[PDB]
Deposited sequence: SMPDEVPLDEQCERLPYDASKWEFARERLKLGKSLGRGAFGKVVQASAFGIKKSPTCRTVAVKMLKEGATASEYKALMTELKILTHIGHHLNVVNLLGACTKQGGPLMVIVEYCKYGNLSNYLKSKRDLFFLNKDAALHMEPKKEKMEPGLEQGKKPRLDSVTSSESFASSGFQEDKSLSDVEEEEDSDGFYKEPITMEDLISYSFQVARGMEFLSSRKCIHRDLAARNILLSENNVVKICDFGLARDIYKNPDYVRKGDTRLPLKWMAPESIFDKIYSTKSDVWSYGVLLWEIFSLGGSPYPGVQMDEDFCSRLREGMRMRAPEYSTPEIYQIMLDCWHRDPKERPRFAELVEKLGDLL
C-alpha cells in the first residue's frame, strides 16, 4: 500500500554506506537547483576498493532548510533499500556525519542525458536497434523500481542518463534540477505537465500506472530522436480538458506502427488498463 519514499521514515546502515568526506575531491558542477546541486567528484576507496573513481555527488546549497535536508535524507534512504540495478543510477556511499554536509554519492554517467544525446544525432551513427535497446533498458529499470514500491514521478528523457557500453540509467536530479528556467515545468508549484497522466494532473494522484503514462511520452521522446512532447501546443487549462478527452500525440518520425501502438497503450484514459512495466519489458524484448 505504502510507496517506498513515505515508507522510508521507519534505518540507515552507515556500517555499509558511510564514506569519509576526506576521500572526496569535489569538482565541476553537473546541475543546480534552488536548494540543491550535483557536482562531479573523484573518490578514493569507494566500496572498500583502494582505487580511484569518478562519482557524482548530490548535496544541499546554502539557502536550503531542514525540509530539503529531510528530502535528501529520504532520497538516500530510498537509494539504499533499492538494489541496485544495471539500469538505475547506483548508490556508492554517503556522508552523514552529524555536523557535516549531507552528500549522496552515486555512479557517474559520462554522456549526459538521453534527450540531448539523441538530439546530437537528430561518435557513431544511431540505429533503430539502438533506440529499442534504450526503450527496453528503461522499461527494465522501471520494472525494478515498481517492484520496490517506488513511484518515480518525473520520468522523462532528461532523467535518463547514458553511461558506458550503451547502458542507460534512470536517475532523478531532484533538488538539483533547475526548474525556474526549464520550460519543461509549468506553474500550476511547477510541474512536468507534458509527461503527466490526467489523473495526476487533476486529482494529484500518482502511481506506477502514472509512471507508465510518462514512459509513454518518454518513448515518443526517444523515437523522435530527442524531440519535445506536444510540439506547437501551449500549456493552459485547455491543454488538459483535451488530454482528458482522448487527445493524444501522433506517432513520432522514427517510430514503427508497432511501437506507436505501445505508447497508446501507456496513454489509456483508465490507469488500471495501461500495461504493467513487466509487459513492456516483454514486448520490447520481443523487438530487440
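- Comparing the deposited sequence with the modelled residues, the stretches lacking C-alpha coordinates are 1-4, 15, 128-192, 259-260.
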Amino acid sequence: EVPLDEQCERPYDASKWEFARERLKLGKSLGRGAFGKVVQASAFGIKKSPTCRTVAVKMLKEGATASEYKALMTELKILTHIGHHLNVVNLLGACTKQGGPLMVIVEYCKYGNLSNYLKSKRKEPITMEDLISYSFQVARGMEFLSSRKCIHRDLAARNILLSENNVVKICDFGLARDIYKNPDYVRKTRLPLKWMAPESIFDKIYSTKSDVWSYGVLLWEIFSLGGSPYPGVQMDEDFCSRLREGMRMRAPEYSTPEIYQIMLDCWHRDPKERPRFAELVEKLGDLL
From here on, numbers count along this sequence of modelled residues.
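- The stretch with the higher mean CA B factor, choosing between 190-198 and 95-103, is 95-103.
- On average the C-alpha atoms of 236-244 have higher B-factors than those of the other stretch, with 236-244 and 50-58 being the two compared.
- Residue-level inspection of the entry shows that, of 131, 176, 109, 118, 109 has the top Cα B-factor.
- In this PDB entry, the Cα temperature factor of residue 29 sits in the top third of its chain's modelled residues, the highest group.
- Among all modelled residues in its chain, residue 225 ranks in the middle third by Cα B-factor.
- Ranked by C-alpha B-factor against the other modelled residues of its chain, residue 218 falls in the middle third.
- Residue 41: CA B factor lies in the middle third for its chain, per the PDB record.
- Sorting the modelled residues of the chain by their CA temperature factor places residue 259 in the middle third.
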